[PDB]
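Student: Opening piece of a complex, kept in its complex position:
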Amino acid sequence: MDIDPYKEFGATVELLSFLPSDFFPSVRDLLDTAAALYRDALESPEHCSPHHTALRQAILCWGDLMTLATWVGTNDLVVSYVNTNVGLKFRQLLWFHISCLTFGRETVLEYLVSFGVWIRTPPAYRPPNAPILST
């Protein structure tokens, strides 16, 4: 029953939980990114790639969690849960789905492998720069 959300795009959840927790940018920083960058691509009535569609259904859900966040939190422990346990795994989608349209789906799948050998190296002789998706 556990349906992989990521098997369409090379990675798995543990190619995606491969990275640490707070390394992913915040949802307010990311939901304001796709509306900034890919505004006309999302509003368009054409499915212009299969990679665009899975980015769309997440944007309903963060609006759907806020339909559950405020409307339950109005009637100091729920707010801590929306950022850490379901929220962090929900925060994964926005970085991974935007970036494969940023610089390439195969680019982001190659982004992870160099990142782990950078970051699972302990701070004794970790190189000073991190690999970043470049121009």
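Tutor: Cool, got the structure. Numbering: from 1, shown residues only, chains lettered A, B, ... in the order given.
Student: Only alpha carbons, please: show the biggest helix by length in chain A as PDB.
Tutor: The helix that spans the most residues within chain A, counting by DSSP state H, is helix A:50-73. Extracted in PDB, the C-alpha atoms of helix A:50-73 (Å, rounded to 0.1, in the frame of the first residue of the first chain):
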ATOM      1  CA  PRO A  50       5.100  14.900 -16.400                       C
ATOM      2  CA  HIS A  51       7.400  16.700 -14.000                       C
ATOM      3  CA  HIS A  52       5.100  19.800 -13.900                       C
ATOM      4  CA  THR A  53       2.000  17.800 -12.700                       C
ATOM      5  CA  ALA A  54       3.500  16.400  -9.500                       C
ATOM      6  CA  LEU A  55       4.600  19.900  -8.600                       C
ATOM      7  CA  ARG A  56       1.000  21.100  -8.900                       C
ATOM      8  CA  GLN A  57      -0.700  18.700  -6.500                       C
ATOM      9  CA  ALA A  58       1.600  19.700  -3.700                       C
ATOM     10  CA  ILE A  59       0.500  23.300  -3.900                       C
ATOM     11  CA  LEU A  60      -3.000  22.300  -3.100                       C
ATOM     12  CA  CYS A  61      -1.800  20.300  -0.100                       C
ATOM     13  CA  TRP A  62       0.100  23.100   1.600                       C
ATOM     14  CA  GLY A  63      -3.000  25.100   1.100                       C
ATOM     15  CA  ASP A  64      -4.900  22.100   2.400                       C
ATOM     16  CA  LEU A  65      -2.800  21.800   5.500                       C
ATOM     17  CA  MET A  66      -3.400  25.500   6.200                       C
ATOM     18  CA  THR A  67      -7.100  24.600   5.900                       C
ATOM     19  CA  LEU A  68      -6.400  22.200   8.700                       C
ATOM     20  CA  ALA A  69      -3.700  24.200  10.600                       C
ATOM     21  CA  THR A  70      -5.600  27.400  11.400                       C
ATOM     22  CA  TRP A  71      -9.100  25.900  11.500                       C
ATOM     23  CA  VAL A  72      -8.000  23.400  14.100                       C
ATOM     24  CA  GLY A  73      -5.500  25.600  15.800                       C
END
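Student: Put this one in as chain B:
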Amino acid sequence: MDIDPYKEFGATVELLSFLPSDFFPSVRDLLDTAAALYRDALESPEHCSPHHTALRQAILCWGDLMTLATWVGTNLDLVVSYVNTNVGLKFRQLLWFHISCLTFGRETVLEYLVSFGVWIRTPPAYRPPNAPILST
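Tutor: Following on from the chains above, chain B is added here:
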């Protein structure tokens, strides 16, 4: 922001709000239905269709909501009979428009809503005595 989930799939949220809210099948039936017809299709690494990848980014979201709902249900009328009132209606039709789509074709599903749409508002003294169904 203003991203409705149907501009790429022919309908609107207005087009699916034409049906009465009770007509949609209940969610735990569709969980088996989504588990029925696409076991080796949803897990398969080939993305089948844009209709197919959206259900896979629907069952992950519906699992996240009831994750919190039972989680907040075990620490505090309040939750499950509460969340299934105002926004628990649309995640039925988010699923049902997708699970029924590529079983018969998107044009089959949209013309179904035309024919079943005109069938339900006309009074029963003059409509066809049955509703149409999914044929082919």
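Student: just to revisit the earlier point, what's the first helix or strand after the longest helix of chain A?
Tutor: Counting by DSSP states H and E, the next helix or strand C-terminal to helix A:50-73 is helix A:86-102.
Student: For that next one, buried residues please.
Tutor: Neighbour-count burial for helix A:86-102 flags A:86-87, A:89-98, A:100-101 (criterion: 16 or more other CB atoms under 10 Å in any protein chain shown). Where you see a C-beta, it was placed from the backbone N, CA and C, and this is true even at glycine.
Student: Quick check: of the residues you listed, which lies closest to residue A:70?
Tutor: Ranked by distance to residue A:70 (CB to CB), these are led by residue A:87 at 14.6 Å.
Student: From what I see, residue A:95 and residue A:30 are in contact.
Tutor: Yes: using CB atoms under 8 Å, residue A:95 is in contact with residue A:30, at 6.3 Å.
Student: Report the entries of the buried residues of helix A:86-102 that also contact chain B.
Tutor: The subset of these within reach of chain B, by CB under 8 Å from any CB of the partner chain, is A:86, A:89-90.
Student: ok, so of these, who is nearest residue A:115?
Tutor: Nearest to residue A:115 among these: residue A:89, at 18.6 Å, using CB to CB.
Student: on that earlier part again, with the ones next to chain B among the buried residues of helix A:86-102 in mind, which one is nearest to residue A:26?
Tutor: Relative to residue A:26, the closest of these is residue A:90; by CB to CB it sits at 11.8 Å.
Student: add chain C to the structure above:
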Amino acid sequence: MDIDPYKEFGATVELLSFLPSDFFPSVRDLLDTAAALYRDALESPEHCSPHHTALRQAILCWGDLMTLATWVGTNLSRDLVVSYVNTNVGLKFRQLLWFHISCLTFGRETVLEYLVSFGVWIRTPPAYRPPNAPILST
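Tutor: Next up, chain C placed on what we already have:
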């Protein structure tokens, strides 16, 4: 002056009196049919038809009569006043809402042939007539 709303489109004002009062769907049940599957052809910058001329002016009246009728219950025996909008003046207006919507799903050649056949099923009294209603199709 004496201008019937159907003289161009092959009907008359008298042709729709064969249609009984319970044939048509309810107004609020029918007003969203233009909102159902006619959203493009009502809001395209080009008219898709002469039918979408009048149908675009169909809702334009209902956006004023009920706007008046909402104003009635604020400032005006009022139990019959707002219901009369739904009773007799609207019964002509419900005919206006259905017929233009009836075209684009079926064809105006279809609906004009439909009301001829529907007429004889209700011109004929219920002493000897088939109770199965003639449905609308191709």
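Student: Grab the nearest non-local neighbour of residue A:35.
Tutor: The shortest distance from residue A:35 to any non-neighbouring residue, by CB to CB, 6 or more residues apart in numbering or on different chains, is to residue B:1 (5.0 Å).
Student: surely that neighbour meets residue A:33?
Tutor: No: with contact defined as CB under 8 Å, residue B:1 does not reach residue A:33; the gap is 11.9 Å.
Student: what distance separates stretch A:27-39 from the middle of the whole chain?
Tutor: Remark: stretch A:27-39 is offset 11 Å from the chain centroid, using CA atoms, centre = their mean, to the nearest Å.
Student: Let me see the residues that make contact with stretch A:24-37.
Tutor: Stretch A:24-37 is contacted by residues A:42, A:55, A:59, A:62, A:87-88, A:90-92, A:94-95, A:98, A:102, B:1 when judged by CB atoms under 8 Å, 6 or more residues apart in numbering or on different chains.
Student: typo on my end, it should be stretch A:47-65
Tutor: Residues outside stretch A:47-65 that contact it (CB under 8 Å, 6+ apart) are A:5, A:8-9, A:27, A:31, A:34, A:38, A:41-42, A:82, A:86-87, A:90, A:93-94, A:97-98, A:100-101, A:105, B:1, B:3, B:5, B:8-9, B:47, B:50, B:53-54, B:56-58, B:61, B:64-65, B:68, B:87, B:91, B:94.
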